[PDB]
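The structure under discussion appears below in the form of structure tokens.
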Amino acid sequence: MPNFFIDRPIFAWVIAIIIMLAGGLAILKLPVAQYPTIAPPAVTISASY
Amino acid sequence: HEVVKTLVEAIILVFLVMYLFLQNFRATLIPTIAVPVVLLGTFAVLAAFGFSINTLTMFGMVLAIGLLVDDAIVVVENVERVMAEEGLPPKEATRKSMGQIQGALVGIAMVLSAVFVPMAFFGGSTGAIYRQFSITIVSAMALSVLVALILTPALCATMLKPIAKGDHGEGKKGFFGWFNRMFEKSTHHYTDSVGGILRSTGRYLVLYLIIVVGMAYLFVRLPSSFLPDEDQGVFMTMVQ
Amino acid sequence: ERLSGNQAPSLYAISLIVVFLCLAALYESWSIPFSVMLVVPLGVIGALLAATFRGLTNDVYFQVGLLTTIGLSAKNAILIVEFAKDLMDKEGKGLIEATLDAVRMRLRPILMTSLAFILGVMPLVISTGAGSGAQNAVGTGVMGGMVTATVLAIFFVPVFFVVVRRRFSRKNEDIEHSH
Ligand SMILES: CCCCCCCCCCCCO[C@@H]1O[C@H](CO)[C@@H](O[C@H]2O[C@H](CO)[C@@H](O)[C@H](O)[C@H]2O)[C@H](O)[C@H]1O
Ligand SMILES: CCCCCCCCCCCCO[C@@H]1O[C@H](CO)[C@@H](O[C@H]2O[C@H](CO)[C@@H](O)[C@H](O)[C@H]2O)[C@H](O)[C@H]1O
Ligand SMILES: CCCCCCCCCCCCO[C@@H]1O[C@H](CO)[C@@H](O[C@H]2O[C@H](CO)[C@@H](O)[C@H](O)[C@H]2O)[C@H](O)[C@H]1O
Ligand SMILES: CCCCCCCCCCCC
Ligand SMILES: CCCCCCCCCC
Ligand SMILES: CCCCCCCC
Ligand SMILES: CCCCCCCC
Ligand SMILES: CCCCCC
């Protein structure tokens with residue numbers, strides 16, 4: 001595999017470049033936040049007398 | 001159901017063209033068996049991913065036939081040429097054949113996914129439509145490579161007729177003998193022409209640019225829509 | 001709606017780029033891929049002609065059928081330059097000789113596929129009755145695309161190849177050498 005790519009440096013670059021633009025495209029679409037959801041969910045029942 | 005009919009019809013027509021060239025029931029059968037195998041498997045993949053059978057997945061199938069049949073043809077034809085270029089027997093020939101294209105079949109499926117996948121990423125309502133095609137066509141191509149690597153070689157090696165070194169069907173009498181002779185001839189005429197063009201050129205890059213600008217011309221002029229209105233055999237009338 | 005439109009350019013842009021990268025890996029070359037990618041227009045033109053002719057529109061069905069036509073002509077060109085290149089590399093065949101032997105070994109398979117598929121979509125362009133709007137739209141784009149793709153590619157691809165092999169070489173031929 002290393003021996004494979006030692007002789008095929010272009011093939012090596014191609015893989016690296018495809019990974020990079022997949023990631024670049026990911027960054028344009030990823031949500032941003034301080035935290036993911038970490039608090040447990042809650043349900044409230046409200047009533048009045 | 002009409003799309004289904006076209007699928008069946010398409011496979012029949014494929015069988016006829018294969019025959020015109022392969023001229024042997026058992027040989028034409030190979031590329032012919034490959035199509036339904038891949039198509040049926042594609043439905044299984046659609047189920048696996050939770051897609052439905054709809055107008056778009058069905059046209060995906062139809063369009064897929066071009067890609068599928070080419071996989072089988074490339075495999076079956078290359079073996080032939082080999083048995084003609086060498087007189088090597090069928091089992092030995094597909095081996096050497098597969099040895100020399102198999103790498104390419106796999107690579108091609110890869111570059112092709114690069115042309116159909118991107119459309120799975122269209123946004124909004126538009127996107128769900130294009131995605132039906134993308135997944136159907138990619139899955140079919142992937143299965144087609146699988147089939148070309150498993151079934152087709154096995155089939156070539158057992159169902160193909162030994163071709164003798166040098167034979168090209170000219171020995172045949174009737175239509176094929178005639179057809180085969182015309183093609184062999186028309187082929188030398190093809191190469192003769194390219195050989196010429198390659199001594200020229202410059203002019204053909206100029207013709208190429210004509211075609212590009214023309215293409216561009218037609219493109220910006222062709223109006224764009226989404227999906228056609230169909231006559232669905234019903235309609236409504238509003239009264240206010 | 002706003003929302004916003006036209007993602008087409010961006011997405012086929014990346015499509016082109018990925019196709020280029022894939023081909024470069026396949027050929028272990030940054031230049032040779034152009035000899036395949038230049039075929040793209042050759043199928044489009046026929047698709048546009050046939051659609052312009054039947055009064056069709058640039059719609060979903062036109063687009064997908066085009067990608068298919070492009071896919072196939074790409075595949076044809078890939079197998080042609082794969083053969084030429086190998087000939088020049090494994091055997092010692094010189095440029096022109098290899099291009100011609102490649103192109104001639106590839107003519108038949110190309111024709112078998114083109115004819116099988118153009119006929120195969122005939123029922124579609126000819127369709128009348130339920131869903132024939134969709135059927136017509138699919139079929140005619142493909143038929144025109146495949147026709148031009150086929151006739152234009154078998155002459156042009158050999159051109160693309162030698163023209164690209166020259167421009168992007170490095171004084172070492174174009175005889176003929178070996179081994
Ligand atoms: C060349 C090979 C590749 C091309 C083949 C593609 C075929 C495409 C089929 C699409 C339309 C089929 O639609 C589907 O058909 C079957 C046929 O009975 C139905 O299935 C129904 O019939 C059979 C009995 O006869 C029962 O097993 C089943 O319980 C019942 O639901 C489905 O409910 C229907 O939704
Ligand atoms: C991690 C995310 C992204 C994944 C990376 C993307 C992969 C893109 C690859 C597409 C093309 C691959 O295609 C592959 O190329 C190599 C190198 O020429 C070929 O390898 C074959 O051909 C070459 C050249 O003729 C030979 O030197 C080699 O010994 C032989 O095995 C494979 O037969 C082919 O299948
Ligand atoms: C190298 C391999 C791949 C090469 C790529 C080849 C593909 C060529 C044809 C692609 C389609 C181009 O056509 C383009 O499509 C988009 C939508 O999809 C249209 O977009 C237009 O109509 C749609 C309607 O739904 C709107 O959403 C959009 O905002 C509007 O601008 C364009 O009017 C049209 O110009
Ligand atoms: C010595 C080899 C140089 C190879 C250059 C490849 C550069 C590709 C960079 C792509 C960045 C996205
Ligand atoms: C000699 C064994 C070659 C191994 C090649 C590995 C290819 C990995 C492609 C990602
Ligand atoms: C996508 C552009 C690639 C440029 C390659 C040039 C190689 C010399
Ligand atoms: C996407 C960038 C590819 C550039 C390759 C350049 C090779 C010299
Ligand atoms: C859009 C053409 C409608 C005819 C289909 C029956």
Side-chain angles (χ1 to χ4, degrees), chain A residues 5-28, chain B residues 1-16 18 28-47 50-69 71-72 111 114 118 132-133 136-137 139-141 143-144 147 151, chain C residues 10-37 116-117 120-121 123-124 130-131 134-135 164 167-170:
Chain A
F5 291 109
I6 284 181
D7 293 334
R8 299 156 183 81
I10 293 180
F11 201 155
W13 270 117
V14 167
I15 296 177
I17 299 180
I18 293 184
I19 296 172
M20 280 187 289
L21 50 95
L25 299 185
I27 294 185
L28 299 178
Chain B
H1 286 181
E2 298 287 356
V3 178
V4 174
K5 284 197 50 194
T6 61
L7 272 190
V8 176
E9 283 168 1
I11 299 178
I12 287 169
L13 296 159
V14 162
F15 177 90
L16 297 170
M18 294 297 94
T28 83
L29 240 25
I30 296 172
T32 304
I33 287 165
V35 175
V37 176
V38 172
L39 262 31
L40 290 173
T42 300
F43 283 96
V45 174
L46 291 181
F51 286 71
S52 71
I53 291 168
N54 56 65
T55 309
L56 311 176
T57 49
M58 290 299 300
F59 281 127
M61 301 288 180
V62 169
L63 293 182
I65 288 187
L67 298 171
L68 316 195
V69 66
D71 269 350
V111 355
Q132 301 304 296
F133 285 103
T136 300
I137 289 166
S139 301
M141 279 193 297
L143 275 182
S144 179
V147 170
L151 184 52
Chain C
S10 311
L11 272 179
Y12 295 121
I14 110 86
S15 180
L16 264 296
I17 294 163
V18 174
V19 164
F20 169 88
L21 296 169
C22 287
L23 292 168
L26 168 64
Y27 295 121
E28 189 60 21
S29 167
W30 296 110
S31 60
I32 292 181
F34 300 113
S35 71
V36 166
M37 301 175 69
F117 196 37
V121 296
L124 284 177
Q135 291 209 26
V164 170
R167 167 60 73 128
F168 289 106
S169 71
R170 14 46 186 224

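Computed over heavy atoms, backbone and side chain alike; hydrogens, waters and symmetry mates excluded. Counting starts at 1 for both ligands and their atoms, following the listed order. We name chains A, B, ... by the order of the sequence lines, and we start the count at 1 in each one.
Annotation for ligand 1: atoms under 4.0 Å from non-hydrogen atoms of B/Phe43 are 6 (C). In summary, the atoms of ligand 1 found under 4.0 Å from a heavy atom of B/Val4, numbered by their order in the structure, are 8 (C).
Within the 4.0 angstrom cut-off, atom 24 (C) of ligand 1 has no protein heavy-atom neighbours. Distance remark: protein heavy atom not present below 4.0 angstrom from atom 11 (C) of ligand 4. Note that atom 1 (C) of ligand 4 has no protein non-hydrogen atoms nearby, at separations under 4.0 angstrom. Per-atom contact check: atom 8 (C) of ligand 1 touches the protein, criterion being a heavy-atom distance below 4.0 Å.
Contact between C/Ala25 and A/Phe11 at its shortest, heavy atoms only, is CB-CD2, 3.7 Å. The two residues B/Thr136 and B/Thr42 have their closest heavy-atom pair at O-CG2, 3.7 Å. Residue C/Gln135 comes nearest to C/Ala130 through the heavy atom pair NE2-O, 4.5 Å, listed as atom of the first residue, atom of the second, then distance. Closest heavy-atom contact between B/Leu67 and B/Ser144: O-OG, 4.5 Å. When all heavy atoms of C/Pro123 and B/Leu13 are compared, the closest pair comes out as CG-CD1, 3.9 Å.
Selection from B/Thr57, B/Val8, B/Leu39, B/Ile11 by nearest heavy atom to atom 1 (C) of ligand 1 gives B/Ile11. In the candidate list B/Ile53, B/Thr32, B/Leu7, B/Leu7 is nearest to atom 4 (C) of ligand 1, counting heavy atoms.
The environment of C/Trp30 atom CH2 is dense: over 12 non-hydrogen atoms of other residues, nucleotides or ligands sit within 6.0 angstrom.
In this structure the side chain of B/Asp71 never reaches within 4.5 angstrom of the side chain of B/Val147, judged on heavy atoms. Here the side chains of A/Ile15 and A/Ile19 are in contact, with some heavy-atom distance below 4.5 Å. In this structure, A/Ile10 and C/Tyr27 have side chains that are not in contact, with every pair of non-hydrogen atoms separated by 4.5 Å or more.
Nearest protein neighbour of atom 12 (C) of ligand 1, counting heavy atoms only, is B/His1 NE2, 4.7 Å. Closest protein heavy atom to atom 2 (C) of ligand 7: A/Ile17 CD1, 4.5 Å. From the protein, the heavy atom lying nearest to atom 3 (C) of ligand 7 is C/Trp30 CZ3, 4.1 Å. In terms of protein heavy-atom proximity, atom 4 (C) of ligand 4 is nearest to A/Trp13 NE1, 3.3 Å.
Only the side chain of A/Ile17 comes within contact range of ligand 4, with a heavy atom under 4.0 Å; no backbone atom does.
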